[PDB]
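Step one of this worksheet: look at the structure below.
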Amino acid sequence: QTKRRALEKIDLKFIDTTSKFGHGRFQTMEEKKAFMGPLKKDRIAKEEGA
Amino acid sequence: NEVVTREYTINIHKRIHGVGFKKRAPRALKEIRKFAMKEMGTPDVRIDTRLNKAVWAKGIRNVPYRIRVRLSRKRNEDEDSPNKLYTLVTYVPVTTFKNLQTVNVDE
Amino acid sequence: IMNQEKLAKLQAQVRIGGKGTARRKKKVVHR
Amino acid sequence: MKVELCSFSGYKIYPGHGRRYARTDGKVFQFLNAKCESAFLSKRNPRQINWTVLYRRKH
Amino acid sequence: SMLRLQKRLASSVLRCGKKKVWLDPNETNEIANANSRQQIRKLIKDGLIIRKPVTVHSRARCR
RNA sequence: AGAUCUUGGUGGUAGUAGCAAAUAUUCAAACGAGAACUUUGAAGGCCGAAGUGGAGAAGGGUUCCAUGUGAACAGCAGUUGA
RNA sequence: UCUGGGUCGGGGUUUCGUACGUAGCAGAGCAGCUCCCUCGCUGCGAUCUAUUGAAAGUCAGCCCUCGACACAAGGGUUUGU
Ligand SMILES: [Mg+2]
Ligand SMILES: [Mg+2]
Ligand SMILES: [Mg+2]
Ligand SMILES: [Mg+2]
Ligand SMILES: [Mg+2]
Ligand SMILES: [Mg+2]
Ligand SMILES: [Mg+2]
Ligand SMILES: [Mg+2]
Ligand SMILES: [Mg+2]
Ligand SMILES: [Mg+2]
């Protein structure tokens, strides 16, 4: 490996973790939760078991 | 025991996926019979006509996604048959499929 | 006369079809 | 780690996603997916589509 | 065994079509012995043969 | 031994081409040695009155209708049938 | 096997876009009921609002379960320097 294409140091900035099972738009669970707030499924979860 | 009866729910949608329009409902009955042969081990499976009506309730191509059946491995001590036990599968009407397990049912 | 055993089996014979079909009226034997 | 954009639907568009539309009038839009883009192209009003951010804030 | 004749005769006695003839599946043997329109007539009176009602074509939606 | 000879018979091809026009079947039961195809019942469909309906003319000539058979025929099968 | 793999169920993702029912002094209005009410209530009415990013689908070739259920040490044909 002698060309400048090789022997070039890689310095990442960002790694995509959106859902690949469709048009994902949130990187993590926690980002999704903060954007949408509590949902009905989580309302009854916090209501049935308190 | 061997005269047991059990209550199952079947994802017809999963087993039907990919069948053409004019063969979806007939395939759902071949898959229901093939299902009972698996969960009961019997080759003789009698499908109740009220179950056949439910499968064909919405026509030939818009089959219900989920069905609730009841397998009943009764005794075939009625004639000279190779199979001593048969599984009569009936139809159980349900309004929701949420949180529905496979429950043993008493007689 | 009708008792509980007779009623529970009578429901079967009068139904000759699914919902929306006419009920059976009679089944009389006479020789 | 680039500029972080917001769609016609107000959703946050991470780099490498969606498309960008520069009209002849000189204004530039960014969309998250063809659903949001074709909603904008058919001149639908985001204040009347329930899953859009501008609807949630409005109501 | 075979009730092709009895379904045809019962249609003619009931003045309906073969669509509307109901031969009792329980009394297959009893119906099978009726080889004449007179025995068919008694089957209809006794209730072993029923003329089914007309399929509903409601005009309420049109009304 | 020949005549793209005459007549009859038989091969390979070959268990091959093929049994793909007009949306579609399914459950249970009966008879039966045997049921994908017969009969009944329950469904789901189609013809949609310029019909896949009910009747005739010409033509056919007994195909009509009962009961019985399961050899051959109905290019699969048949307990069914012109 | 320190079990296994299935079928359901659950969770996640994701698709579409806010379900049925109920409620509203919401609604173009209209048809009745006024000792009445001193400003009203009885019906029909597309649609609107809340309930409700709800409802529904989601592996059949998506991800994770350890929840429920039953099942899996069983079958046949062969093979020797
Ligand atoms: Mg993808
Ligand atoms: Mg010669
Ligand atoms: Mg020659
Ligand atoms: Mg071939
Ligand atoms: Mg072919
Ligand atoms: Mg039609
Ligand atoms: Mg005609
Ligand atoms: Mg004839
Ligand atoms: Mg043949
Ligand atoms: Mg699931």
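Protein chains in written order, with the deposited numbering: chain LB, 354 to 403; chain Ld, 18 to 124; chain CI, 49 to 79; chain LW, 1 to 59; chain LR, 2 to 64. Where a beta carbon is used, it is the ideal one built from N, C-alpha and C, also for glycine.
- Short note on LB:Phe-374: C-beta closer than 7 Å to some heavy atom of ligand 1.
- A direct Cα-Cα distance of roughly 54 Å separates LR:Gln-39 from Ld:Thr-113.
- Think of a sphere of 7 Å around the beta carbon of CI:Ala-70: the chain LR residues whose beta carbon falls inside it are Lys-53 and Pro-54, in chain order.
- Taking C-beta separations shorter than 7 Å and ignoring five residues to either side along the sequence, the partners of LW:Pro-46 in its chain run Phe-8, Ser-9, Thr-52, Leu-54 and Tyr-55, following chain order.
- Inter-residue distance for LR:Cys-17 and LR:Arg-5 is about 16 Å (C-alpha atoms, whole angstroms).
- Those residues of the region 363 to 386 of chain LB placed with their C-beta closer than 8 Å to a C-beta in chain LW are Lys-366, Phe-367, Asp-369, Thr-371, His-376, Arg-378 and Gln-380, ordered along the chain.
- Secondary structure in the region 8 to 50 of chain LR: the alpha helix (DSSP H) runs of 4 residues or longer, each lying completely within the stretch, are 29 to 33 and 38 to 47 in chain order.
- Close CB contacts of LR:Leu-10 within its chain, under the 8 Å cut and outside five residues either way in sequence, are with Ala-35, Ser-37, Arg-38 and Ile-41 (chain order).
- Exclusion of the five residues before and after Ld:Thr-59 leaves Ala-53, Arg-90, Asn-100, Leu-102, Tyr-103 and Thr-104 as the residues of its chain whose Cβ lies within less than 8 Å of its Cβ.
- Only buried fits Ld:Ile-29, as 16 or more other CB atoms lie within 10 angstroms of its CB.
- When DSSP states are grouped into helix, strand and coil, CI:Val-62 belongs to the helix group.
- Boundaries of the alpha helix (DSSP H) around Ld:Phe-52: 41 to 57.
- Using beta-carbon distances, LR:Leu-49 counts as an interface residue toward chain CI, with a partner under 8 Å.
- Bounds of the alpha helix (DSSP H) holding LB:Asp-395 are 393 to 401.
- Cβ-Cβ distances below 7 Å link LR:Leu-44 to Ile-32, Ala-35 and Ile-50 in the same chain, with the five nearest sequence neighbours on each side left out; the list follows chain order.
- Taking the Cα positions, LW:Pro-15 is about 20 Å away from LB:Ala-387.
- Ld:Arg-23 is a Cβ neighbour of Ld:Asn-121, given a cutoff of 8 Å.
- The Cβ of CI:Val-77 sits closer than 8 Å to at least one Cβ of chain LR.
- In the three-state reduction of the DSSP assignment, LW:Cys-36 falls in the helix class, which pools H, G and I.
- Setting aside the 5 residues that flank it on each side, Ld:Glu-19 is surrounded in the same chain by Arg-90 and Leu-102, each with a C-beta closer than 7 Å to its C-beta; the list follows chain order.
- Leaving aside the five residues that flank Ld:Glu-56 on each side, the residues in its chain whose CB is nearer than 7 Å to its CB run, in chain order, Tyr-25 and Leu-88.
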